[PDB]
Amino acid sequence: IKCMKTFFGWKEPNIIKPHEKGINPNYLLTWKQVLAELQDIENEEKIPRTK
Amino acid sequence: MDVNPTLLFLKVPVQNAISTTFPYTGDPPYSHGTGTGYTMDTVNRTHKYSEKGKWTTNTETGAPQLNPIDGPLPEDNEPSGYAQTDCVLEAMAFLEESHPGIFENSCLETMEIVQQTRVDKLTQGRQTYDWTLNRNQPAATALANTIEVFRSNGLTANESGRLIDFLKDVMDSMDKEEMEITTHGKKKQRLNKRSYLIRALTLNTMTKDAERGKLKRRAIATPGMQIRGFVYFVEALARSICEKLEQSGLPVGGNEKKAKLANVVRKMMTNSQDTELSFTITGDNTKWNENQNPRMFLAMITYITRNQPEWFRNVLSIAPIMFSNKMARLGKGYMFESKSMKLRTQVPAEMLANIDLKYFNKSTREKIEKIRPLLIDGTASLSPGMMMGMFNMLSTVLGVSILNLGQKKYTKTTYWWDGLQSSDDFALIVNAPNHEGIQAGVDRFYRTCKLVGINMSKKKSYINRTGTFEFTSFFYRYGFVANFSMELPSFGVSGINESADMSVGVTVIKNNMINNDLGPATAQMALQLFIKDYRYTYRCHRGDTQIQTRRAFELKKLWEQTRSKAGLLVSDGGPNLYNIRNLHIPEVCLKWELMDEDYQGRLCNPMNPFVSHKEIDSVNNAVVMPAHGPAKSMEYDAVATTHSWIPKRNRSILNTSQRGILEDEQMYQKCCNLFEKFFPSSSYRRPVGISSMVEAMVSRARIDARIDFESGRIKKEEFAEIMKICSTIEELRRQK
RNA sequence: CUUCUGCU
RNA sequence: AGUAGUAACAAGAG
C-alpha cells in the first residue's frame, strides 16, 4: 500500500495486447477490482495480515 | 556481448566442471496420472524383444508364456533377449575356474544365512504387494497379513520364526486347494487354487517418480510377500559371490565403492603391457531388465549350487521359477473425459481386457491390442524379461562373468579385456597391440554379450583412450572427480523433525566438505543459507527479530525471559553458533555451557510428551534419497530434546473402507506399548518366546510384585491388589 | 447440506 | 482458460 501510494501517475487502464485463447474482458476488471480492494483495505479496515 | 557459460569448457576440462552440466537445482520431472500405459508398453517391449521364442501355455495359471532361450542368434544390432544356455553355463564355468572355490565358499556362507535368518527380516524394506488386498502395503503389514491368512488356513509352520519355515508354508499354500481371506463389514472371500496362484505371482506396477536425467518416464514393479522370501536368499548368495569378484562394484557403497573402483582400475591399467595399446569403453546396456530372462538366472543358480544339498538348491532356485511365471498387474487404469458432456471417469485396468477400443487414441489402442492376448484376470503374463528385477547382484555376477571371459587365457588372441560392472552400467578396458586388435576385441565382447542376451547400448556409449571414463555417474579423469551437484538435493531442511533437521543439515555440510569437495568459504555460506531456510521453515526466527509469524509470540516471550540468549537453541530463536570449527558437535551439547539452568531443564525434561522412542533400529536414523540411487540410512548425532517430536500421520485412510486396518494398527500399538511397560528391553533387543503376550506380562507382573514386596518398594495392600488383578486377568482370558 | 482428507 | 506433456490438474469421498 505504501509503495502504491508512492506513485502519483495512475491513469485509467486500457488493454493493449489481448490473450487469444482467453476471455479478456476479465483481466481489465481484475486489475480494477484489485485497485478497489486496495482502496477498501487502505481507506479503512484493520489492514489485515492477509486479504 | 552474448554471455555463454558453455564456452567455459574451452579452458576448464569438462570433468573438472561437470557439476555445471547438472540441472539438479530445478524440480525433478514427476509422473502425472496412472502407470498403466508405461507398464503395458514395458510388457509389449519385453515380448517384442523375444518375439522369435517359443510360445507355451502354463498348465497351472493358464496364461501364455514366451521362452526366448536358445532362440535364433541376433541378426541385427537390435536389442535381443535370445540368450543361449550353453554360453551362460560356459561363462559361469570359466568364472569358477578363474576364481576357484568362489561358488563353494559363497554357498557355504549363504547356507548358514538360510539357517539363521528369521521371518522378521522380511519387515525390512517398503511397498510390498499385499495379495490379500491387491494393493501395496508396508512390508511389515503385508507380512503380518500373509501370516494371519496362512494361520487361518491351517499353515501353522511359520511359528518357528525361521524364514525357511515361512517359505515352506508358502510352498504348501501353493499346493492348497482353496484359500480363505478376510475383508472389511468383515466379510470372508474364498480363492480357488488358480486364482491364488495368479495373485501370488502377481507384481504390482507404478511409475518411478522424481527421476532425473530422463525425458520419458518409466514403470517400476514391486513383488508380493511370497516372492520376497526367496528373493532375499538369492540376493544374499549373489552378494556373497559379488564380494569376491574384483570387477563387481555393486555390493559396496559410498567411499568404499569409489575406493574399490579406483584400486581395481589402477591395477588393471598397471598390469597392462607397455607395448599394448589400451582403450576404455563407457556406456550402459539398452533394455537391461527387459532382456535379462529369469531362466538364465535359474541356470546360473543351478550351476552355482552344484554339489550343494538338494534343499539348498531348491530354496535358491524357487525364486527364478516364480519370477519366470510372474504376472504384472497393469495398475491404476485409464482416465476418460467428455468435453461436450463435461464429465470425467476412470476405467480400472481390470476392464481393459473387455472394454471397447474406440475410447483410446491410436498409440494406446495399439498397446491394448498388442497386450490383449496376454491379459489374464486383469494381469498380463510376463514370463520373458525381468520387470524391475531385484536380481541386481545376480545380473552383476553375470556381467562380471562376461567381463572375466576377456582374459588373455580365454581370448586365446593378442587382444584382451577387463573392467567394471554394476547392474546395467559398465566400463570396459581393452588392451590390444593395435587399433585393429582393439576393434576385434570390442566386436568379440559385444557379440559375447549378445550371446548371453546382454547388449551394449551403442546409442549412449563411446570409446576413447584409456585414462578417462564414466561409471555410475562417477567421472574418472585419471582419478575420480568430486562431483558436487549430485549432492545438492541433500542440502536444505531434511524434514525429519525440528531437532533432527539441524543435526542432519550440519552433518550433510560436514560430509560434503569431506567427500564432495566443498570449499570452506562455500561451506560457510551454505551453513548460513541452511540456517536461514531452517528458520523460515520451522518459524524459529530470532527472538529479537521483528518478523511476524504465528509462533512469534512464544519465541519472543522465551527470548525476553532467558538471561543468556546465546544458550537458546536455534529452534528456540537462539543465535547460530555453528562454524567450520564445530560442524560435528550436536547443538544441544554445543550450547550446554551457555544454556540457562531453568531452560536447560525444561528442554531436556525426559517426561516431556513430544519425545517418543521406537525400536533402536529407528533411533537417531533417517532415510534420505539422494539425486541418484535408492534410499539410504543416514545416522545423525542428536540429543533427546522436546524438539525431537514426531509429525502428524496421513489420515486419508480414515474415510475409506480400509480404515479398519488403521484401527487394528492402533490396537497393536496399544498392546506393544503396554508390553514395553512390562519388558523394558523389548525395544533394545527383540524378545523371544512361544507363550502368549498376556501370559508373559502376567507372569512378569507377579514376579515383579513379589520382588518389590520383598525389597519393600510396595506395601502389603498394593501387593494384594496386584495379585487380585492378575488372578482376574487369568480368569478373563479363560472365560473368553 | 453437513462430515472427512491434501502421499493411501 | 491455465498448468502441463504420452497424462494429469483445473477438488475428492461420503
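- As deposited, the entry is annotated with cryo-EM as its determination method and 3.1 Å as its resolution.

- UniProt's Subunit (unreviewed entry) comment on chain B is quoted here verbatim: "Influenza RNA polymerase is composed of three subunits: PB1, PB2 and PA. Interacts (via N-terminus) with PA (via C-terminus). Interacts (via C-terminus) with PB2 (via N-terminus); this interaction is essential for transcription initiation."
- One UniProt comment on chain B, placed under Sequence similarities (unreviewed entry), says "Belongs to the influenza viruses polymerase PB1 family."

- With the PDB entry as reference, chain A is termed Polymerase acidic protein, source organism Influenza A virus.

Regarding the UniProt feature "binding site: Mg(2+) 4" (unreviewed entry) in chain B
Residues and elements named next belong to chain B.
In step 1: Under the local residue numbering, the UniProt record ascribes the feature "binding site: Mg(2+) 4" (unreviewed entry) to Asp284 and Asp425. A maximum C-alpha distance of 4.6 Å among these annotated residues, which run over 142 residues, shows that they cluster at one spot.
In step 2: Along the polypeptide, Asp284 turns up in strand β9 (residues 277–285).
In step 3: Residue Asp284 is classed as partly exposed on the basis of its relative accessible area, which comes to 31%.
In step 4: Each residue touching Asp284, except ones within four places of it in the same chain, is listed here: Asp424, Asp425, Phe426, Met456, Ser457 and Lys460.
In step 5: Secondary-structure assignment places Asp425 in strand β16 (residues 425–432).
In step 6: Filtering out sequence-adjacent residues up to four positions away, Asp425 remains in contact with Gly283, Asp284, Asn285, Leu420, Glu470, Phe471 and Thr472.

With respect to the protein's contact with RNA strand C
Residue and element names in this part refer to chain B.
In step 1: In the vicinity of RNA strand C, the contacting residues are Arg135, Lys648, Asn650, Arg651, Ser652 and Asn655.
In step 2: What you see for RNA strand C is that sugar and phosphate hold 74% of its atoms within 4 Å of the protein.
In step 3: Contact between RNA strand C and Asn650: a phosphate oxygen at 2.9 Å from a side-chain N or O atom of the residue.
In step 4: Between RNA strand C and the protein, one listed contact pairs a phosphate oxygen with a backbone N or O atom of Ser652 at 2.6 Å.
In step 5: By residue class, the composition of the surface near RNA strand C is no nonpolar, three polar and three charged.

Section: the UniProt feature "binding site: Mg(2+) 1" (unreviewed entry) in chain B
Residues and elements named next belong to chain B.
In step 1: If you check UniProt for "binding site: Mg(2+) 1" (unreviewed entry), the listed places come out as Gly283, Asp284, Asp425 and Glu470 in our numbering. Look at the named residues: they lie 188 residues apart in sequence, but the longest C-alpha span between them is just 10.2 Å, so in the fold they bunch up.
In step 2: With respect to the helices and strands, the residue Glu470 is situated in strand β18 (residues 468–471).
In step 3: The contact partners of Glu470, leaving out residues within four places of it in the chain, are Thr282, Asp425, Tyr462 and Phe475.
In step 4: In terms of polar contacts, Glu470 uses its side chain to reach the backbone amide nitrogen of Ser473, at 3.1 Å.

Remarks on the sheet that holds strand β13 (residues 375–376) of chain B
Hydrogen bonds between backbone groups are what pair the strands of a sheet, and the pairing can be parallel or antiparallel.
Residues and elements named next belong to chain B.
In step 1: Spatially, five strands are ordered β8-β7-β10-β14-β13 in an open sheet, and the strand pairing comes out mixed. Each edge of the open sheet is held by one strand with a lone partner, namely β8 (219–222) and β13.
In step 2: Here strand β7 (residues 202–207) pairs with β8 via four bridges, running antiparallel. When the bridges of β8 are listed, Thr205 appears paired with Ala221.
In step 3: Each of β7, β8, β10 (327–329) and β14 (379–381) touches helix α1 (residues 36–48); the most contacted strand, β14, lies at about 10 degrees to it.
In step 4: Packed on one face of the sheet, helix α6 (residues 193–201) meets β7, β10, β13 and β14 and runs near 40 degrees to β7.

Description of the nonpolar core
All names here are of chain B.
In step 1: Among the nonpolar cores identified, the biggest contains 108 residues, and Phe150, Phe166, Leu352 and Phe391 are the most heavily contacted of them.
In step 2: With eleven residues, helix α7 (residues 225–242) is the largest single contributor of residues to this core.
In step 3: Leaving out residues up to four positions away in the same chain, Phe391 has contacts with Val231, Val234, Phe297, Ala319, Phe323 and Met386.

Focus: helix α16 (residues 500–514) of chain B
Residues and elements named next belong to chain B.
In step 1: For α16, spanning 15 residues, the distance from its first C-alpha to its last is 21 Å, which sits close to the expected 21 Å at 1.5 Å a residue.
In step 2: Of all 15 residues in α16, eleven are buried, a share of seventy percent or more.
In step 3: Here α16 has its buried residues at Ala500, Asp501, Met502, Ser503, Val504, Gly505, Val506, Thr507, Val508, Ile509 and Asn512.
In step 4: As for α16, its buried residues are in contact with α17 (520–538), α19 (587–591) and β21 (632–635).

Focus: the pattern of salt bridges
All names here are of chain B.
In step 1: All told, the structure shown has 25 salt bridges over all chains when counted by the stated rule.
In step 2: Residues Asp165 and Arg162 are paired through a salt bridge, measuring 3.7 Å at the closest nitrogen-oxygen approach.
In step 3: Under the relative-accessibility criterion, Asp165 is labelled buried at 13%.
In step 4: By relative accessible area, which is 33% here, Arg162 ends up partly exposed.
In step 5: We note a salt bridge from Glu211 to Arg218, for which the minimum N-O separation is 3.8 Å.
In step 6: In this structure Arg218 comes out as partly exposed when scored by relative accessible area, which is 42%.

Cut-offs applied
Counting of residues begins from 1 for each chain and follows its sequence as written, which need not mirror the entry numbering; any residue without coordinates is not displayed. Ligands are numbered from 1 and chains lettered from A, in the order in which they are written. The assembly from which these chains come is larger than what is shown, and the figures reported cover only the shown chains. With hydrogens and water excluded, all non-hydrogen atoms of the structure serve as input to the side-chain values. UniProt positions are given in the numbering used here, feature names are shortened, and annotations may be inferred rather than shown by experiment. Here a helix means four or more residues in a row that DSSP labels H or I, a strand means two or more in a row labelled E, and each is numbered from the N terminus. Buried, partly exposed and exposed residues are distinguished by accessible area as a fraction of the type maximum, computed with a 1.4 Å probe on protein chains only: under 20%, between the cut-offs, and over 50%, respectively. Here, two residues are considered to be in contact whenever any of their heavy atoms come within 4.5 Å of each other. A single heavy atom is enough: if one lies within 4 Å of a molecule or strand, its residue is considered near that molecule or strand. Whenever a nitrogen or oxygen atom comes within 3.5 Å of another N or O atom, the pair is scored as a polar contact, on the condition that within protein one atom can donate a hydrogen and the other can accept it, and that pairs from neighbouring residues in sequence are kept only if both atoms are in side chains. Residues are sorted three ways: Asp, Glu, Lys and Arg are charged, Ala, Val, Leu, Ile, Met, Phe, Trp, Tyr, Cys and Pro are nonpolar, and all the rest, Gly among them, are polar. When DSSP finds two or more bridges between a pair of strands, those strands are recorded as paired. Only the contacting stretch of a helix is used when fitting its axis, a line to C-alpha atoms as for every element, and angles between N-to-C directions run 0 to 180 degrees. Buried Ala, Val, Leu, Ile, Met, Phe, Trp, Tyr and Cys residues form a nonpolar core when they are joined through side-chain atoms within 4.5 Å. Given the number of residues in a helix, its expected span is that number minus one, multiplied by 1.5 Å. Throughout this description, the term salt bridge denotes a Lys or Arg side-chain nitrogen within 4 Å of a carboxyl oxygen of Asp or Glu.

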